[PDB]
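For reference, the structure discussed in these notes is given below.
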Amino acid sequence: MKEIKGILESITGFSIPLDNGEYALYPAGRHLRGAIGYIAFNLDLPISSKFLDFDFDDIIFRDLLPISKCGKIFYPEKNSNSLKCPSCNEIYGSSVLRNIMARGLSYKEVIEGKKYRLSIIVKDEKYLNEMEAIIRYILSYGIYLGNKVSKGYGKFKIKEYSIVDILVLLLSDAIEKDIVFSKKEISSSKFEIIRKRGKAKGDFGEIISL
RNA sequence: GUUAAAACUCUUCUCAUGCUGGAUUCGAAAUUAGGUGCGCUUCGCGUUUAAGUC
């Protein structure tokens with residue numbers, strides 16, 4: 001199940017609403033899966049159909065946790081959204097969230113130029129082959145995660161990526187917190203905000238050991 | 001195949017008001033309207049009257 005680990009760089013700042021006034025310091029892998037499925041359907045590819053069901057564990061999309069300055073990745077706090085990396089502290093917190101208003105449009109947004117980790121593990125090898133093609137599309141062109149994406153909010157650019165085979175605390179929340191998503195298909199324009207109750211972090234279902 | 005898309009941080013408002021390139025310094029220092037040229041040329045103070053007289 002060789003994987004691909006890369007460094008996402010925010011050329012433009014992002015914003016992602018977690019509802020009830022909540023916002024995220026880092027983008028979730030659900031957005032990476034959504035954008036990758038959109039450009040796979042733009043490529044008119046087989047992987048698009050694999051993405052089209054919104055239920056395909058063939059490739060596991062991990063969350064785009066921020067790569068720390070000296071630490072590897074910021075680890076979640078118990079019963080909190082604060083992110084702390086092991087090497088030093090670098091508490092991402094709510095500092096990157098800044099309130100903004102746009103001709104009456106009030107909302108919040110994240111500082112660009114902070115690094116983000118990426119890891120997509122493709123079990124099937126043919127899935128890996130289409131993964132390296134759509135990952136070359138992520139490498140040369142850009143990846144877009146968040147809301148007001150078409151305005152440009154959420155531009156992401158790969159710097160350092162290696163296709164490395166991948167060899174407990176839940177790094178990402180696993181389906186009680188409500189990680190809400192939607193399958194907004196191009197043909198099936200039905201928008202389904204599914205509020206999956208699940209265990210939060212600090213304790233794309235994935236876990237990270239010590 | 002992102003709680004997504006769907007929304008231009010937009011409209012109004014002149015770097016403007018005061019302050020003179022002004023002050024000081026003479027176009028004068030040197031040079032003679034000088035050099036050449038005869039107021040010359042033509043025209044006789046002539047004409048008239050006895051030193052008479054007793």
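Residues 1 to 167, 174 to 181, 186 to 213, 233 to 239 (the deposited numbering) are what the first sequence spells out, left to right. Yeah, the Cβ is synthetic: ideal placement off N, Cα and C, and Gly gets one too.
For this session: Say whether the stretch 127–145 touches the stretch 36–47, bearing in mind that this needs 3 or more beta-carbon pairs closer than 8 Å, one atom from each stretch.
Result: Yes, the stretch 127–145 touches the stretch 36–47.
Exercise. Where does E132 sit, in a helix, a strand or coil, going by DSSP?
Worked result: helix
For this session: To the nearest angstrom, report how far apart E235 and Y92 are at their CA atoms.
Result: 21 Å
Exercise. In the DSSP assignment, what are the bridge partners of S119?
Worked result: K5
For this session: Put residue 242 into one of helix, strand or coil per three-state DSSP.
Result: Only positions 1 to 239 of the chain appear in this structure, which leaves residue 242 out of reach.
Problem set entry | Cut-off 6 Å between Cβ atoms - residues of its own chain near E130, not counting five sequence neighbours on either side | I47
Exercise. Less than 9 Å separating the beta-carbons of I11 and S162?
Worked result: no
Exercise. Can you give the Cα-Cα distance for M1 and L167, rounded to whole angstroms?
Worked result: 9 Å
Problem set entry | Minimum C-alpha distance to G208 - residue among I196, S178, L52 and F201 | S178
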